[PDB]
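Peer 1: Structure file protein-v6.txt (compact mmCIF, C-alpha atoms and all ligand atoms) is given on the next line.
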# COMPACT_ATOMS: atom_id res chain seq x y z
CA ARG P 1 -20.07 13.91 0.07
CA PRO P 2 -17.46 12.20 2.25
CA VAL P 3 -18.62 10.15 5.23
CA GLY P 4 -15.32 9.36 6.97
CA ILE P 5 -11.55 9.09 6.82
CA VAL P 6 -9.39 5.98 6.88
CA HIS P 7 -5.86 6.14 8.25
CA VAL P 8 -3.43 3.87 6.39
CA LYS P 9 -0.03 3.05 7.82
CA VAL P 10 2.33 1.28 5.43
CA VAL P 11 4.44 -0.66 7.91
CA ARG P 12 6.98 -2.74 6.04
CA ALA P 13 7.46 -5.17 3.22
CA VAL P 14 9.13 -8.54 3.71
CA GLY P 15 10.68 -10.90 1.19
CA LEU P 16 10.68 -8.80 -1.94
CA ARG P 17 12.16 -10.17 -5.13
CA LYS P 18 15.49 -9.07 -6.49
CA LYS P 19 14.78 -6.63 -9.28
CA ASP P 20 18.11 -4.83 -9.77
CA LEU P 21 21.49 -5.90 -11.07
CA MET P 22 22.83 -5.14 -7.59
CA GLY P 23 21.34 -3.90 -4.34
CA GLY P 24 18.12 -5.93 -4.49
CA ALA P 25 15.49 -3.36 -5.41
CA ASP P 26 14.45 0.18 -4.49
CA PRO P 27 10.89 -0.43 -3.31
CA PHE P 28 8.21 2.13 -2.73
CA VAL P 29 4.47 1.63 -2.40
CA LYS P 30 1.61 3.29 -4.26
CA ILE P 31 -1.71 3.46 -2.44
CA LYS P 32 -4.91 4.20 -4.32
CA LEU P 33 -8.47 4.19 -2.99
CA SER P 34 -10.97 2.71 -5.43
CA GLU P 35 -13.70 4.95 -6.88
CA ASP P 36 -11.49 8.02 -6.61
CA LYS P 37 -9.77 10.65 -8.75
CA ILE P 38 -7.24 11.95 -6.19
CA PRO P 39 -3.52 11.43 -6.95
CA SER P 40 -2.44 8.13 -5.49
CA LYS P 41 -0.09 8.17 -2.53
CA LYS P 42 3.50 6.95 -2.59
CA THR P 43 5.84 6.12 0.23
CA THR P 44 9.47 7.04 0.35
CA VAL P 45 11.85 4.94 -1.76
CA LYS P 46 13.93 2.57 0.30
CA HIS P 47 17.02 2.22 -1.86
CA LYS P 48 18.82 -1.10 -2.01
CA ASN P 49 16.48 -2.80 0.42
CA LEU P 50 14.52 -6.03 0.13
CA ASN P 51 12.97 -5.69 3.60
CA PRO P 52 12.01 -2.01 3.74
CA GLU P 53 10.37 -0.44 6.74
CA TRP P 54 8.42 2.75 6.20
CA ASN P 55 5.91 3.17 9.00
CA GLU P 56 4.43 5.83 6.76
CA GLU P 57 0.91 7.09 7.37
CA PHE P 58 -1.57 8.33 4.79
CA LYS P 59 -5.24 9.29 5.01
CA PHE P 60 -8.07 8.96 2.52
CA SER P 61 -11.50 10.59 2.17
CA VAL P 62 -14.01 7.74 2.40
CA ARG P 63 -17.22 8.17 0.42
CA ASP P 64 -18.62 4.67 1.00
CA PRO P 65 -16.87 2.00 3.08
CA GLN P 66 -18.52 -1.21 1.96
CA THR P 67 -17.88 -0.25 -1.68
CA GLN P 68 -14.43 1.28 -1.87
CA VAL P 69 -11.25 -0.80 -1.82
CA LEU P 70 -7.60 0.08 -1.18
CA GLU P 71 -5.07 -0.77 -3.89
CA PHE P 72 -1.43 -1.24 -2.78
CA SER P 73 1.17 -1.44 -5.57
CA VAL P 74 4.83 -2.14 -4.83
CA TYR P 75 7.29 -0.72 -7.35
CA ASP P 76 11.06 -0.75 -7.75
CA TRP P 77 12.30 2.75 -8.52
CA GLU P 78 14.67 2.88 -11.47
CA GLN P 79 17.51 5.26 -12.08
CA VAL P 80 16.45 5.34 -15.71
CA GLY P 81 12.96 5.01 -17.03
CA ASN P 82 9.94 4.27 -15.09
CA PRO P 83 9.66 2.23 -11.89
CA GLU P 84 9.00 -1.46 -12.48
CA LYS P 85 6.08 -3.16 -10.79
CA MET P 86 6.95 -5.71 -8.11
CA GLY P 87 3.46 -6.88 -7.20
CA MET P 88 0.23 -5.55 -5.77
CA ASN P 89 -2.82 -6.44 -3.73
CA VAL P 90 -6.13 -4.93 -2.68
CA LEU P 91 -7.74 -4.51 0.72
CA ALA P 92 -11.49 -4.02 1.14
CA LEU P 93 -12.74 -1.24 3.40
CA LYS P 94 -15.52 -3.54 4.66
CA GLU P 95 -12.74 -5.33 6.60
CA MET P 96 -12.69 -2.94 9.59
CA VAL P 97 -14.58 -1.31 12.45
CA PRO P 98 -14.26 2.39 13.37
CA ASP P 99 -11.80 3.38 16.12
CA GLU P 100 -9.78 0.13 16.08
CA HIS P 101 -6.12 -0.31 15.13
CA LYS P 102 -6.28 -3.23 12.67
CA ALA P 103 -3.22 -4.69 10.97
CA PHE P 104 -3.04 -6.76 7.81
CA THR P 105 -0.48 -8.72 5.85
CA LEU P 106 -1.07 -8.76 2.09
CA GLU P 107 0.65 -11.15 -0.29
CA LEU P 108 1.94 -9.51 -3.46
CA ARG P 109 0.58 -10.87 -6.75
CA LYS P 110 0.98 -10.04 -10.43
CA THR P 111 -2.64 -8.90 -10.62
CA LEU P 112 -5.85 -9.38 -8.66
CA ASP P 113 2.67 -17.82 -7.79
CA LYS P 114 6.34 -17.11 -7.34
CA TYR P 115 6.57 -15.73 -3.80
CA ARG P 116 6.75 -11.97 -4.29
CA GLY P 117 6.83 -11.07 -0.60
CA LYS P 118 4.45 -9.55 1.91
CA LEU P 119 3.23 -6.05 2.66
CA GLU P 120 2.12 -5.27 6.22
CA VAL P 121 -0.35 -2.42 6.59
CA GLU P 122 -2.48 -0.99 9.41
CA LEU P 123 -5.86 0.66 8.98
CA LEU P 124 -7.87 2.86 11.33
CA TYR P 125 -11.31 4.06 10.24
CA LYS P 126 -12.91 7.12 11.78
CA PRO P 127 -16.34 8.43 10.67
CA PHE P 128 -17.92 11.80 11.47
CA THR P 129 -20.81 10.85 13.79
CA CA P 201 15.12 -2.78 -11.47
CA CA P 202 15.85 -0.40 -8.95
CL CL P 203 15.10 8.62 -1.17
ZN ZN P 204 16.25 8.50 -3.13
Can you turn what I pasted into structure tokens?
Ligand SMILES: [Ca+2]
Ligand SMILES: [Ca+2]
Ligand SMILES: [Cl-]
Ligand SMILES: [Zn+2]
Peer 2:
Amino acid sequence: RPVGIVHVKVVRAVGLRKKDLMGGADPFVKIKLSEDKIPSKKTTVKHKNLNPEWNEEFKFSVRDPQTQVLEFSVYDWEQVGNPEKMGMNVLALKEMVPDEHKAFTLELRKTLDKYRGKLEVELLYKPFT
């Protein structure tokens, strides 16, 4: 049974790597909560943009907050074929207090180097009682 909901705002990314022949990249972000079988969330694609701003908000059913971890994956949408990874990071749900607007800045890495940019996110945890 779920014990709370976390509110994730994907704010912006800064300093992404060029991944297209021209235009930079077409970034979007995939957000997955660990220990879960729900479809991951994806932001809008920000075509031809190496400093995209989304300010996009998602929410996730928390089952246990010291265990579960948020996975943020930044991909470059392709006109042909599948999007190509641009970097990822994780963020632990133990890193917050309920009812407080907490921001973070995650560095993008190949897996959990060459500066791959930053992803700014905000989290707000709210439990039931
Ligand atoms: Ca590309
Ligand atoms: Ca692309
Ligand atoms: Cl679009
Ligand atoms: Zn589009």
Peer 1: Please find the residues contacting ligand CL 203 (chain P) at a distance of at most 12 Å between atoms, with all atoms listed in the file counted, and report them as an MDAnalysis selection string.
Peer 2: chainID P and resid 26:28 42:49 54 77:79
Peer 1: At a cut-off of 9 Å, using only C-alpha atoms, what residues contact residue P:10? Leave out same-chain residues fewer than 5 positions from it and give the result as an NGL selection string.
Peer 2: :P and (29 or 43 or 53-58 or 119-123)
Peer 1: What lies within 10 Å of residue P:94 using only C-alpha atoms, ignoring chain neighbours under 4 positions off, as a list in words?
Peer 2: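 Residues meeting the cut-off are residues 64, 65, 66, 67, 68 and 69 of chain P.
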Peer 1: Enclose the full set of atoms of stretch 4-12 of chain P listed in the file within a box whose edges lie along x, y and z, apply 5 Å of padding to each of the six sides, and report centre and edge lengths in Å to one decimal as lines of an AutoDock Vina configuration file.
Peer 2:
center_x = -4.2
center_y = 3.3
center_z = 6.8
size_x = 32.3
size_y = 22.1
size_z = 12.8
Peer 1: With all atoms listed in the file as the atoms that count, which of P:92, P:38, P:16, P:106 lies nearest to residue P:60?
Peer 2: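 Selected residue with least distance to residue P:60: P:38.
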Peer 1: Hey, can you check how far atom CA of residue P:111 sits from atom CA of residue P:89?
Peer 2: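 If I compute the distance from atom CA of residue P:111 to atom CA of residue P:89, I get 7.3 Å.
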Peer 1: As a quick test: using all atoms listed in the file, which residues lie no more than 7 Å away from ligand CA 201 (chain P)? Give them as a PyMOL selection string.
Peer 2: chain P and resi 19-20+25+76-78+84
Peer 1: Export, as an mmCIF file, keeping the file's coordinate frame, the selected residues with C-alpha atoms.
Peer 2:
data_model
loop_
_atom_site.group_PDB
_atom_site.id
_atom_site.type_symbol
_atom_site.label_atom_id
_atom_site.label_comp_id
_atom_site.auth_asym_id
_atom_site.auth_seq_id
_atom_site.Cartn_x
_atom_site.Cartn_y
_atom_site.Cartn_z
ATOM 1 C CA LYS P 19 14.780 -6.630 -9.280
ATOM 2 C CA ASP P 20 18.110 -4.830 -9.770
ATOM 3 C CA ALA P 25 15.490 -3.360 -5.410
ATOM 4 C CA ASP P 76 11.060 -0.750 -7.750
ATOM 5 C CA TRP P 77 12.300 2.750 -8.520
ATOM 6 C CA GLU P 78 14.670 2.880 -11.470
ATOM 7 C CA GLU P 84 9.000 -1.460 -12.480
#
